[PDB]
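As structure tokens, the structure follows; a few thoughts come after it.
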Amino acid sequence: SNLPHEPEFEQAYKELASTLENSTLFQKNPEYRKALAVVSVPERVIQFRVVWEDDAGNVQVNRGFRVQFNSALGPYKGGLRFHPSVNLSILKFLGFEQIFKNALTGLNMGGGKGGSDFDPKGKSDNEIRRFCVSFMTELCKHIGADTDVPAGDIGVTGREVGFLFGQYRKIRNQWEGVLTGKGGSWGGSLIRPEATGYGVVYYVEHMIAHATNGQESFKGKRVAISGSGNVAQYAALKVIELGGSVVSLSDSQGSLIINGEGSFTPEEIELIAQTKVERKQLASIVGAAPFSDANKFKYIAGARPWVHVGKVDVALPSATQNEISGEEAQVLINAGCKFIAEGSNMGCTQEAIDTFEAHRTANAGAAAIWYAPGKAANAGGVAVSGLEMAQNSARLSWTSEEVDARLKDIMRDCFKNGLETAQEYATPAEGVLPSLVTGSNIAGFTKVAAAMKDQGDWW
Amino acid sequence: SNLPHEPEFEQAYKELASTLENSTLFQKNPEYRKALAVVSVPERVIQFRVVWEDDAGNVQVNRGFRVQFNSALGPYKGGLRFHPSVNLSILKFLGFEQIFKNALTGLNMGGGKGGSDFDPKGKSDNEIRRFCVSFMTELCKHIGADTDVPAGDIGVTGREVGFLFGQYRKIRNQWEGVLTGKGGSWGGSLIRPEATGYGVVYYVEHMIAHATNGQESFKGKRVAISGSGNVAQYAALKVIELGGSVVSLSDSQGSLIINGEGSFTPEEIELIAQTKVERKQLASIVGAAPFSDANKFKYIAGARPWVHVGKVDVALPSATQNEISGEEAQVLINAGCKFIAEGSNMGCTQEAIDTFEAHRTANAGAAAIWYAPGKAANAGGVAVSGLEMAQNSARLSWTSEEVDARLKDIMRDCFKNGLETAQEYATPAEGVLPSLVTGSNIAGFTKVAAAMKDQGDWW
Amino acid sequence: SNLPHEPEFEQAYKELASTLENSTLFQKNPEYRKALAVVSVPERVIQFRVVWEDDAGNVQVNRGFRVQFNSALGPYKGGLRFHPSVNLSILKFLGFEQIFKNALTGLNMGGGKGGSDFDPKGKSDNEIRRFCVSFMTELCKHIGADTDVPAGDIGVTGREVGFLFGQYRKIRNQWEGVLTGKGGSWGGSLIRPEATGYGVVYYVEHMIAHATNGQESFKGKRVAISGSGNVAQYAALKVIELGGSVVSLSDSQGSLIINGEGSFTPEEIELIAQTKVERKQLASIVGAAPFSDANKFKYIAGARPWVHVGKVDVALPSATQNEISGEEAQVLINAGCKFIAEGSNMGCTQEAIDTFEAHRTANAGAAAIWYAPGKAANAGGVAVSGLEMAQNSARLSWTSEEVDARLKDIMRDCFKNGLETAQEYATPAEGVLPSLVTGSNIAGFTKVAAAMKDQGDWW
Ligand SMILES: NC(=O)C1=CN([C@@H]2O[C@H](COP(=O)(O)OP(=O)(O)OC[C@H]3O[C@@H](n4cnc5c(N)ncnc54)[C@H](OP(=O)(O)O)[C@@H]3O)[C@@H](O)[C@H]2O)C=CC1
Ligand SMILES: NC(=O)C1=CN([C@@H]2O[C@H](COP(=O)(O)OP(=O)(O)OC[C@H]3O[C@@H](n4cnc5c(N)ncnc54)[C@H](OP(=O)(O)O)[C@@H]3O)[C@@H](O)[C@H]2O)C=CC1
Ligand SMILES: NC(=O)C1=CN([C@@H]2O[C@H](COP(=O)(O)OP(=O)(O)OC[C@H]3O[C@@H](n4cnc5c(N)ncnc54)[C@H](OP(=O)(O)O)[C@@H]3O)[C@@H](O)[C@H]2O)C=CC1
Ligand SMILES: O=C(O)CCC(=O)C(=O)O
Ligand SMILES: O=C(O)CCC(=O)C(=O)O
Ligand SMILES: O=C(O)CCC(=O)C(=O)O
């Protein structure tokens with residue numbers, strides 16, 4: 001070996017491997033242990049220096065990455081993250097998860113992830129442009145419409161996708177679906193901005209219907225959300241549309257929580273959206289209307305929302321990895337939370353997951369908190385990216401209604417697959433909800449493992 | 001010149017050329033003689049050494065080929081054959097036929113064929129993997145989704161397609177529709193396994209309806225099939241579904257014939273399918289149930305089925321070229337056979353064809369045996385390969401019902417084209433069935449010849 | 001950031017940076033601090049999975065790497081290491097050093113390094129072949145005669161270069177100087193096998209002449225060598241040719257030391273060379289003649305040679321990084337060692353270097369132990385690799401005498417450059433030997449930094 005310490009990647013791997021072991025999978029297919037050893041080493045990783053010029057004319061250096069983890073099911077597919085935390089460990093955890101998430105969409109997409117330790121905060125739009133130009137000058141050699149199709153993630157919006165696309169087209173002299181999250185007039189898809197957040201809510205709708213035998217829905221439920229970017233914004237919007245209340249949003253500096261009964265409104269979400277476009281914090285808008293209304297809003301510096309929202313019915317962590325601790329998980333259970341789905345990749349700590357899963361095993365039916373992993377619940381974004389690829393390959397643009405209908409079908413099938421797979425391989429006690437994390441992991445892994453075997457990646 | 005002796009290719013060429021001469025085609029378009037001279041020389045042929053390692057660690061050498069015969073109508077398209085007989089002559093006959101077959105599908109596909117003298121019999125799956133890896137290491141330079149799209153044929157199943165695809169993706173670093181016959185989760189098409197055999201039966205349904213003025217169908221007919229691989233299996237299944245009886249299957253070592261009235265069943269076909277997956281002979285399963293039941297089954301070592309089935313209504317040779325001799329053709333006529341369609345490429349000897357065509361000319365209406373050439377009747381496989389390409393380019397997967405409906409329409413149009421073209425250019429005597437071989441040949445040739453002229457390949 | 005822990009890389013970086021700071025370089029050119037920040041992040045790194053088949057038919061997985069550190073002065077250039085320790089940290093230290101080493105040769109070569117955690121020990125030649133085939137199947141995309149030219153290093157001999165070259169030629173369909181260390185009939189260079197070890201000895205000849213005002217040479221000196229592979233073998237041979245005594249060799253399991261006065265002979269070195277070709281340990285040949293002669297040889301299991309050789313005049317660590325500890329450095333000083341040059345990359349620990357450099361500063365003239373860094377002393381290998389590239393580009397083969405003459409000139413110029421640069425930028429006290437480590441580091445760094453500035457890599 002001897003291998004570097006990659007805690008985030010190791011966490012993701014261990015949770016997958018644990019769920020596979022705690023099932024009948026390896027009794028039925030013990031040869032899949034070999035598949036697991038092979039799939040866990042990325043097919044290819046590219047790391048590269050990115051030199052770029054700041055607004056003062058000074059040289060700056062950052063590190064760029066693209067992890068091309070697995071391509072059995074399709075070209076590598078997954079986002080780009082621009083955040084100062086970024087390193088290979090983080091991108092490997094993300095790319096690894098992406099393989100199995102993509103498998104659950106039913107579309108032909110392999111798994112990858114990339115990005116940079118470039119921090120968009122405090123940069124001008126001009127600085128972001130120059131950075132994206134330099135970044136893509138190297139990345140374009142390694143990607144392409146039938147090769148690897150990136151998109152956004154934390155710190156990468158349609159703005160950055162644009163600058164990246166422009167430079168790709170300039171060097172490669174091809175106009176194609178090399179990126180998704182593109183602008184509406186230059187190959188974007190309707191519903192792509194909404195897709196991840198909408199999908200998370202669609203998925204939880206199925207969880208609620210199943211756990212409650214159709215007796216409950218989002219109507220009248222209180223939903224605590226974290227983050228305030230793309231996933232959080234549209235998850236919030238969909239909750240509101242379905243008659244639920246959104247009782248929190250947050251960012252890296254603090255939480256903005258509804259004080260009492262009430263909800264964010266669509267108009268408030270749009271103000272927050274514009275603030276985040278400008279790369280400003282929630283803290284910067286709580287001094288003026290509407291967010292200075294202390295009757296409606298409480299801003300809590302340095303906090304996550306989970307312990308401050310009081311009673312809640314659904315939690316949708318939608319910011320970043322490891323944002324629900326073991327202690328926070330218990331608080332949510334004590335607050336009456338019965339549904340927790342990850343908008344963020346690896347949003348729950350392992351302690352949180354263990355807490356939720358023990359609770360499910362101990363409490364029959366609708367008394368349990370039911371946990372859905374990000375690879376199932378947040379797959380709507382990448383699914384609609386696949387549809388953007390489909391549109392670009394067709395050279396046509398579909399309607400909002402057409403894309404949204406497909407998104408709904410994909411989320412329904414993903415839920416059913418996880419539910420039915422857990423019922424088959426990890427059969428719960430009578431009256432106990434099946435494990436959606438175990439089911440989703442087995443369903444995604446087996447699809448990839450079998451395609452790998454067919455293609456001679458292992459034998 | 002001076003040109004090598006290529007008997008199979010010369011046979012295919014001479015039969016095409018003869019049908020074109022025995023028509024009014026060259027009275028109307030004498031310049032098409034030039035097209036015939038040009039189209040008959042392949043655009044490109046690649047031959048290459050394939051070195052591979054056996055399970056004992058020893059070097060082995062085989063010969064690889066890809067004949068890229070014509071691309072006027074589309075990228076080169078056709079299968080790969082792994083059989084010890086393979087040489088350039090055989091692959092040229094196959095690739096030549098493929099040009100005109102592909103033309104009759106209505107899809108944009110040129111004609112090609114390839115393969116190796118590698119013999120899968122007696123090899124382990126590991127040996128087949130290593131062979132496919134080495135084979136594609138060279139072939140990948142020459143093929144691609146808009147260039148040349150291979151598939152299976154004799155000795156190449158989904159297993160080999162998988163190993164080939166994996167190695168292509170590894171070297172070329174593109175995930176695309178470079179092969180067809182792919183697995184369901186990695187870009188395959190529903191109905192592709194069924195397509196060739198289903199199509200042959202769909203085509204003969206039209207022949208029966210026409211010859212009998214709608215009075216007869218497959219219902220109650222006895223159907224003698226040869227081979228026991230992909231084409232034979234699904235032709236048998238479709239016959240059974242339509243209420244016909246399948247009275248024979250065969251392989252290279254002997255024939256397995258129904259003893260009396262009766263049929264293979266779907267369950268028996270599946271047992272035979274699994275035996276052939278394991279590369280075992282029919283001879284190896286006749287010692288145990290159900291095939292050891294001598295009341296139902298008679299295994300005849302060294303024989304073809306045609307003279308041993310007694311009375312039959314339809315014959316579908318579905319194994320290999322030149323598998324119905326002139327004497328066998330007469331026996332089938334004496335046995336009451338009224339429909340003969342080639343599942344196999346060039347399944348009938350020239351003596352057989354001449355016998356069938358003389359019989360058609362001598363016997364009005366439904367009294368004639370009606371012969372359909374492989375380029376018409378077996379075109380369903382390549383047609384569904386075209387639809388697999390279409391699906392891969394759309395980045396979506398169609399339903400079984402959608403693919404099957406298109407397959408039915410393609411086979412209907414192919415029949416109508418051959419029938420109507422023969423009625424126009426080779427008008428039969430009153431009451432005599434038109435020549436489907438002449439009609440199909442003229443219809444395919446003229447479409448290619450005219451596209452070639454448009455593209456400046458001849459003038 | 002936040003960056004992974006890469007101790008080997010950090011060690012190499014810190015030693016370079018320290019020598020640059022302890023000089024007048026940044027007084028004269030403070031802008032070179034920017035160059036240092038840019039040059040220290042590799043231009044590109046490729047990591048890739050390598051799946052290969054063992055002699056039992058089982059799947060095995062290893063990790064492959066190529067670090068393409070800097071290309072200002074030429075295409076990336078440096079070896080491949082196959083050793084179970086390999087990881088990115090180790091390859092970054094090696095590739096970083098390579099940039100500056102290559103700069104000192106005077107040839108147009110950038111810096112890189114690659115390899116795998118594949119362990120050649122215990123593998124058959126067939127297993128090594130299959131591994132190299134799989135390795136190059138991915139690596140060939142990233143390298144080429146004007147792009148990146150690998151070669152051997154630990155665990156990669158002409159045998160592996162051959163298997164790698166064969167697979168490159170098969171996929172890329174170009175015969176070119178993509179690798180060095182090639183075989184004599186297929187583009188190799190005479191003197192390349194000898195070059196590294198010969199060069200180390202040539203370099204030390206200059207050190208001895210300078211320190212002793214021409215009064216001493218290798219004639220009559222006792223030379224302790226570590227390792228027993230390519231560098232150690234030919235360093236030993238050259239010492240013997242010059243009338244010196246080689247008093248030790250070693251491998252990863254122990255040291256083989258001359259017992260008393262005496263030397264390894266060329267015939268003994270050839271026996272050891274054949275043992276290492278077979279990937280066997282020194283321990284396996286000490287039970288038979290000649291090495292079982294306890295009067296001449298003492299095998300010491302688990303030891304390095306430095307404390308067991310008694311009095312010595314020159315030490316040439318030629319095995320691996322960090323193989324002379326601080327305590328061993330003091331023992332060598334106490335044993336009368338006056339010259340220490342690294343055959344191995346980063347052979348001395350930082351404690352050893354500090355000890356040697358303090359001794360030089362404290363002891364005038366020939367009383368000092370004089371330390372030469374690997375980037376100066378071991379540059380003969382890569383220099384002759386450059387000449388192999390030159391020969392391949394000329395399409396001609398030079399004589400042994402021609403290559404060796406150029407090698408001698410390159411080593412002389414490298415010594416003079418390090419000596420003169422230290423005299424200019426880090427002027428020692430009267431009578432004190434200039435620092436060859438400081439001089440070599442400044443000379444290599446400034447050449448790269450200035451070329452980078454010219455090319456717009458920093459400003
Ligand atoms: N966009 C998509 O389609 C997909 C995204 N995801 C995942 O959803 C999550 C959110 O992504 P997305 O909305 O697109 O990204 P955005 O950059 O639009 O928003 C990220 C939000 O999370 C906060 N955040 C980011 N890093 C941290 C951190 N280290 N600590 C605390 N808060 C943090 C951000 O606050 P601040 O501005 O203060 O840093 C911001 O409010 C991620 O886990 C992402 O991988 C899941 C599938 C699809
Ligand atoms: N698969 C497809 O989509 C297409 C195939 N075809 C043609 O259909 C025919 C059958 O192909 P397919 O079913 O796919 O192939 P398979 O390899 O699946 O089956 C071939 C069958 O034919 C037998 N066979 C092969 N060679 C000989 C031979 N020299 N002598 C006697 N019997 C032989 C085989 O027996 P054994 O195992 O003992 O050798 C086996 O039963 C061929 O002519 C093919 O070119 C037509 C269009 C499409
Ligand atoms: N070959 C070249 O042209 C160049 C090589 N170098 C450097 O010279 C040194 C030797 O390389 P080279 O002779 O080519 O390689 P070889 O593989 O031919 O020999 C390496 C020697 O060092 C021993 N060795 C390797 N790793 C260790 C270890 N972790 N611990 C203890 N002993 C070890 C080996 O013993 P064992 O077999 O028991 O592992 C063997 O005797 C390396 O530092 C290399 O990077 C410098 C410039 C050029
Ligand atoms: O659309 C994509 O490719 C990626 C969406 C995303 O960021 C994710 O799945 O984590
Ligand atoms: O699907 C294909 O490309 C080929 C099918 C086939 O083997 C044939 O038409 O002969
Ligand atoms: O010849 C080469 O490219 C490399 C020689 C080597 O292993 C080194 O300089 O460390």
Side-chain angles (χ1 to χ4, degrees), chain A residues 38 43-44 46 68 70-77 102-112 141-149 176-177 180 189 383 385-396 398 406 409-410 443-444 446-459, chain B residues 52 55 123-137 140 144-147 149 152 157-179 181-190 277 388-399:
Chain A
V38 177
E43 286 174 15
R44 190 182 303 100
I46 315 100
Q68 296 182 327
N70 192 278
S71 59
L73 301 184
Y76 308 103
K77 185 81 193 78
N102 293 4
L104 295 170
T105 66
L107 301 170
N108 288 115
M109 301 182 303
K141 293 180 178 64
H142 312 287
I143 67 169
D146 303 308
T147 284
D148 183 3
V149 179
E176 64 187 22
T180 59
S189 180
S385 282
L387 301 180
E388 181 173 340
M389 295 164 62
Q391 287 168 80
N392 293 168
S393 295
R395 306 184 189 271
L396 298 167
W398 302 347
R406 289 173 176 274
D409 287 350
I410 285 166
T446 57
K447 185 179 181 178
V448 173
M452 293 171 67
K453 201 191 191 196
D454 288 347
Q455 295 177 39
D457 297 353
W458 67 277
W459 57 89
Chain B
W52 59 282
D55 283 345
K123 305 294 185 301
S124 70
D125 279 14
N126 287 347
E127 284 165 337
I128 293 168
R129 167 175 54 76
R130 299 194 208 95
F131 175 76
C132 288
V133 164
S134 191
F135 185 87
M136 183 55 78
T137 297
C140 66
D146 303 308
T147 284
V149 179
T157 76
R159 176 177 53 233
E160 290 73 26
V161 174
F163 298 144
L164 293 166
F165 184 86
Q167 187 67 0
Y168 179 93
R169 109 180 189 266
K170 282 155 203 168
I171 294 175
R172 289 290 300 279
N173 194 17
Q174 277 168 55
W175 195 106
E176 64 187 22
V178 59
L179 290 157
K182 302 188 298 308
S185 64
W186 46 278
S189 180
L190 291 169
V277 165
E388 181 173 340
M389 295 164 62
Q391 287 168 80
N392 293 168
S393 295
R395 306 184 189 271
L396 298 167
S397 299
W398 302 347
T399 64

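We name chains A, B, ... by the order of the sequence lines, and we start the count at 1 in each one.
- If you tally non-hydrogen atom pairs under 4.5 Å between each of B:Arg159, B:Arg172, B:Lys170 and chain A, the highest count goes to B:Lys170.
- Interface remark: A:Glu43 contributes side-chain atoms only to the contact with chain B (heavy atom separation under 4.5 Å).
- Residue with the most contacts toward chain B among A:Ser71, A:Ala451, A:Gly456: A:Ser71 (heavy-atom pairs, distance under 4.5 Å).
- With a threshold of 4.5 angstrom between heavy atoms, B:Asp125 does not approach chain A through any atom at all.
- Side-chain N/O atoms of A:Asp454 and B:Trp186 include a donor and acceptor closer than 3.5 Å.
- A distance of 6.0 Å separates CD in A:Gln68 from CG in B:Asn173, rounded to the nearest 0.5 Å.
- Using a 4.5 Å cut-off between heavy atoms, B:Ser185 contacts chain A through both its backbone and its side chain.
- In this structure, A:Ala390 and B:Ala394 approach most closely via the heavy-atom pair CB-O, 3.3 Å.
- In this structure, NZ in B:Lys182 is found 10.0 Å from CD in A:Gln455, a value given to the nearest 0.5 Å.
- In this structure, chain B has no heavy atom under 4.5 Å from any part of A:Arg395.
- For A:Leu107, the part lying near chain B is the side chain, with the backbone staying farther off; criterion is any non-hydrogen pair under 4.5 Å.
- A salt bridge links B:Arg169 with A:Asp457: the distance from a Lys NZ or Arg NE/NH1/NH2 to an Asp or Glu carboxylate oxygen falls below 4.0 Å.
- Other residues, nucleotides and ligands place more than 12 heavy atoms under 6.0 Å from the CG atom of A:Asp409.
- For the residue pair A:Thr147 and B:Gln174, the shortest heavy atom distance occurs at OG1-CG, 3.4 Å.
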